[PDB]
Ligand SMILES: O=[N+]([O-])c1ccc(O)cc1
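Consider the single chain below, provided in structure tokens and representing the form solved without this ligand.
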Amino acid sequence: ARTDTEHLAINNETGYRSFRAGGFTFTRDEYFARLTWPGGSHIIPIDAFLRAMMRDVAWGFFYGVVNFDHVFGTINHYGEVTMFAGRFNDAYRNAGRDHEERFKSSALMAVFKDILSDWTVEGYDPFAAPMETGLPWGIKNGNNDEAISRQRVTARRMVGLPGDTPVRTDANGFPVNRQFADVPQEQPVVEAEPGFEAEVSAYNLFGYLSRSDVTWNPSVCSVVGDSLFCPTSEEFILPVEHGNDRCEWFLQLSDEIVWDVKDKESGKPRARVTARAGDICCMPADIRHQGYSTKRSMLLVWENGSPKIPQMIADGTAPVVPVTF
């Protein structure tokens, strides 16, 4: 599992740095992320690229396969990470033209962070919806390190508990997003008996989500064993096609989303799933998915975080769908 990465030259015309990770090569210009590897090249619009990179960075390579698109992406092996071109593309694979390299995670993570920092310019936030931020086009112009560096937020037990991750307020840096301005903010009435003020806990979760400053970022709010409630606020398009190595459930809390559903292995379209407020559905472990959301909307992503699942799905000792009827 490879470790070799490298900073190359700042280009004199564009002002950006190119980077290397194994056989892979990363170059940006005014419009494009340019990728090469042994035997191949590919291009991705710089805005779509940075948005995807932003997620893969923030999510620590996430669960399973993070497809930037139909060619390029990562597989997470939890401590090691596969970078690929065309691994989940019928055309490359049938032709034996896909290319894969495996890395220690903190070593790929490091060059990814360097790419994201160098390639991001003043006023461009790749964690936000396009209506909320500026543009990535043109030569290197300053940076946006504050935006690409927000601290991941994770509950040990539940938001708001003594010593656990806290509630979001104007005070502490999280005002309500313009597209959730009507969302009620009152906290639930909590009244503990003397001695119990630590165990008697409630919070306004929809108010919490309305105060999320990024889009498409599942973030832990409550924990029961490996069962994790990861709600987030969603706007525009999920900047990746997620092929999970486990089943995952979506509960639409507000407004609506359409999930474009494709085959995980081939990338052939399979179904389109429209979800409104209170709809709950399952994403099978043999699909990849990508959501589209016009108004900023509240989604609950529900995960089982157990390490056991992938090898069981491969072995067939757990199912591709959690129930049948």
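Sequential numbering from 1, following the sequence displayed.
Keep in mind the form solved in complex with this ligand is missing from the figure; the text below concerns it.
Enquirer: Can you check 128-136, 209-217, 156-164, 142-150 and let me know which stretch has heavy atoms within 4.5 Å of this ligand in the deposited bound form?
Expert: Of the options given, it is 209-217.
Enquirer: So in the deposited bound form, does any heavy atom of residue 299 sit within 4.5 Å of this ligand?
Expert: So residue 299 counts as contacting this ligand.
Enquirer: Looking in the deposited bound form, any heavy atom of residue 62 within 4.5 Å of this ligand?
Expert: Yes, residue 62 lies within 4.5 Å of this ligand in the deposited bound form.
Enquirer: May I ask you to check whether residue 232 falls inside a 4.5 Å heavy atom distance of this ligand in the deposited bound form?
Expert: Within the cut-off, so yes.
Enquirer: Consider residue 259 of the chain shown here, and say whether it contacts this ligand in the deposited bound form, taking contact as heavy atoms within 4.5 Å.
Expert: Result yes; residue 259 sits at the interface with this ligand in the deposited bound form.
Enquirer: Could you check which residue among 203, 174, 250, 92 gets a heavy atom within 4.5 Å of this ligand in the deposited bound form?
Expert: Residue within 4.5 Å of the partner: 250.
Enquirer: Tell me, which of 116, 238, 83, 121 has a heavy atom within 4.5 angstroms of this ligand in the deposited bound form?
Expert: Selected residue: 238.
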